Each structure stands twice: as C-alpha cells, then as structure tokens.
Amino acid sequence: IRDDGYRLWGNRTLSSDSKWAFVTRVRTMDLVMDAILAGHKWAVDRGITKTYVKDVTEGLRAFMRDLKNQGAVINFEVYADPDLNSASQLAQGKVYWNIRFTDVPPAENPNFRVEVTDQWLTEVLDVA
Amino acid sequence: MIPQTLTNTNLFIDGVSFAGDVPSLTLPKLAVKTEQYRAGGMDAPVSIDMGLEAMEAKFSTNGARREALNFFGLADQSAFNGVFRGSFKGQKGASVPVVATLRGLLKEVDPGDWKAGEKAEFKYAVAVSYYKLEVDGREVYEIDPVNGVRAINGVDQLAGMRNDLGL
C-alpha cells in the first residue's frame with residue numbers, strides 16, 4: 001500500500017466462510033495443533049492403561065496454558081469427550097478429546113470519530 | 001448346624017507331600033488394621049479399617065526334611081509355595097476340606113532344643129505374600145498384597161480403591 005511498496009496490507013484469506021475469514025484464525029488453529037501434536041508424540045505408542053485418557057488431558061492442558069501464557073489463545077477448554085469414549089472404540093485404539101479455544105482477533109478497523117467543536121473557544125482566548 | 005471339627009491336616013510344600021511329619025500347622029491370622037476412630041460429636045471410637053495386617057503362616061516338622069529346609073532364605077522372595085490342608089469332620093460324617101494355598105518367604109527356621117530322649121521339632125514360619133483359603137472347594141479368602149486384591153466371597157473388596165488409585 002505505501003511508501004515505494006512498503007507494507008503488506010490485507011489479512012483476509014480467500015474463504016467463503018466468515019468463521020474462517022482471517023488468516024489469524026487459519027494460522028492459529030493450524031499451529032496450535034502442530035505444537036500440540038509435536039509434543040504429544042507419546043500418545044500413538046503407550047498402550048492404553050487406565051489413566052491414559054487422564055494423562056493426555058492434563059498433558060493437553062499443560063501444552064495449552066503455555067499458549068495462553070504467550071498470548072496465542074484466550075481461555076482454552078480441553079476435556080475428554082464423554083459421549084464417544086466407548087470400550088468398543090478403545091479396543092480399536094480410538095479415544096477422543098475436545099480442544100475448544102478462542103483465537104485473538106486482529107484489530108482490522110480502528111475507527112476515529114473526530115469532531116471540530118467551538119466548546120473550548122471561551123475556556124481559553126478570553127480575559128477569564 | 002452340625003457339630004464340626006478338624007480331625008486331620010496335611011502339607012504340600014512344592015507338590016511334595018509331608019504326609020508323615022507335620023505335627024502342627026498354622027494358617028495366617030487375617031487381622032484388619034483398625035484405628036480406633038473417636039472424633040467430633042461422639043463418645044466412643046468406631047474402628048475404621050486401614051488395610052490388612054502382615055500375614056505369617058507357621059508350621060512345624062520334626063524330622064530332617066530337606067524338602068522344607070531348602071526354601072529358607074532364597075533370593076527369590078514369594079518362591080516358597082505351599083498348600084495347608086485340613087479335613088473338618090462333622091458329626092454326620094460329611095468331611096469338609098479346608099485348603100489354604102499360600103505363597104511367600106520362609107522367614108525363620110527354628111530348630112529347638114535337642115535333648116536326647118525328647119522329640120525335636122523344627123519350627124518354621126513363612127511371610128505370606130499370597131493367600132487363598134478355600135472351604136468346601138469354594139473361595140473364601142484371596143489376599144494378594146501386590147496387585148491389591150482382597151476377595152471375600154469371590155467379591156474383590158478393593159475394586160473401590162483400585163479405580164481411585166488408577167491401578
């Protein structure tokens with residue numbers, strides 16, 4: 001936009017969905033998981049014990065409060081899915097978790113409502 | 001009921017029968033570890049359980065019997081296996097077997113006084129690491145401290161603490 005070609009300007013991606021409008025939304029969701037996955041590589045081995053599903057949640061919450069600390073998210077929510085953790089799923093090795101979070105919004109449009117008044121035309125410029 | 005009493009005992013150490021030389025057996029005394037619990041709003045203690053006590057089974061032979069002497073003090077604890085058997089008679093003649101398979105460490109060998117004309121009795125004692133009592137061929141007790149199991153009628157009483165500890 002400016003100054004002999006100085007600054008990249010837009011931040012919308014080419015999405016037809018307003019839930020995925022910003023590249024902030026797309027990049028954060030993409031790289032919250034790449035930090036979650038690369039960091040929980042022990043969950044594909046390590047055959048299912050009783051506290052397998054608990055040690056992943058507290059591991060998932062711990063590598064997600066590191067993300068709330070540095071400002072990637074705001075007030076995540078991690079919990080094991082209570083409705084889809086069957087034992088028929090567990091014999092197949094499947095076990096589910098829910099990793100809801102909120103992304104930080106970019107300040108896309110700051111709005112300045114500027115007005116010229118004659119209010120302080122008497123407060124100064126007078127004998128007073 | 002019918003008046004019923006033990007009449008005969010037997011001992012199997014490692015499958016070998018001691019059917020000539022065990023004058024006395026002693027099953028382990030199952031005692032729960034009570035703490036007398038007196039607290040607010042009550043005048044008397046109430047004795048909460050805190051787990052089981054340590055189990056010792058002791059038995060005596062009065063011959064030489066290397067087939068029980070060779071299990072003292074091994075590096076492998078819980079390698080002394082052993083079956084204490086009893087036949088409880090009953091007045092009508094229906095003999096009921098009481099069989100107590102147990103496993104542990106033979107922890108003391110006590111050769112007593114050796115007087116010349118007197119019968120000499122080797123007193124042994126094992127430190128019980130597994131204990132199953134069957135009465136009339138039906139499981140009464142099953143106590144395994146490691147892999148914490150306390151079954152009382154086939155019903156494992158420690159399923160409550162097992163899920164709490166994530167065992």
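Here the Cβ is made from the backbone with ideal geometry for all residues, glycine too, and neighbour counts use every protein chain on show. No value in this document is a laboratory result; all are computed from the given coordinates.
Residue-level check: of (1) loosely packed, with under 12 Cβ neighbours inside 10 Å; (2) charged (D, E, K, R); (3) within 14 Å of another protein chain (Cβ to nearest Cβ), A:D55 misses just (1). Taking region B:74-167 as the region of interest, the strands (runs of 3 or more DSSP E) fully inside it that hold 2 or more residues being under 17 Å from B:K29 (Cβ atoms), away from chain A (no Cβ under 14 Å) and within 15 Å of the chain's Cα centre (by Cα) are B:80-88, B:96-111, B:122-135, B:138-144. Among all residue pairs at least 6 apart or on different chains, which show Cβ distances below 6 Å where the first residue, located in region B:82-96, is within 14 Å of B:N8 (Cα to Cα) and the second is aliphatic (A, V, I, L, M) and surrounded by fewer than 17 Cβ atoms within 10 Å (Cβ to Cβ)? As it stands, the answer is B:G86/B:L6; B:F88/B:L6; B:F88/B:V96; B:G90/B:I2, since those pairs meet every condition given. Note on region A:23-47: among residues that are among the basic types (K, R) and under 25 Å from the mean Cα position of the chain (by Cα), the one that is nearest to the other protein chains (Cβ to nearest Cβ) is A:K41.
Kindly indicate whether A:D66 is more than 14 Å from every other protein chain (Cβ to nearest Cβ), at negative phi and over 23 Å from the mean Cα position of the chain (by Cα). In short, no.
Among all residue pairs at least 6 apart or on different chains, which show Cβ distances below 9 Å where the first residue, located in region A:102-128, is in contact (Cβ under 8 Å) with a residue 40 or more places away in the chain and the second is assigned to a loop (DSSP other than H, G, I, E, B)? So the pair list comes out as A:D103/A:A72; A:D103/A:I74; A:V104/A:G71; A:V104/A:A72; A:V104/A:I74; A:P106/A:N11; A:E108/A:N11. Per the conditions (1) of a type in the set (D, E, K, R); (2) away from every other protein chain (no Cβ under 14 Å); (3) farther than 24 Å from A:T24 by Cα, the sole criterion not satisfied by A:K50 is (2).
Restricting to region A:63-94, and then to whatever is within 19 Å of A:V26 (Cα to Cα) and among the β-branched types (V, I, T), can you tell me which residue is surrounded by the most Cβ atoms within 10 Å (Cβ to Cβ)? Looking at the filtered set, the residue picked out is A:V73.
Looking across region B:2-42 at every residue that is of a type in the set (D, E) and more than 18 Å from the chain's Cα centre (by Cα), the one that is surrounded by the most Cβ atoms within 10 Å (Cβ to Cβ) is identified as B:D21.
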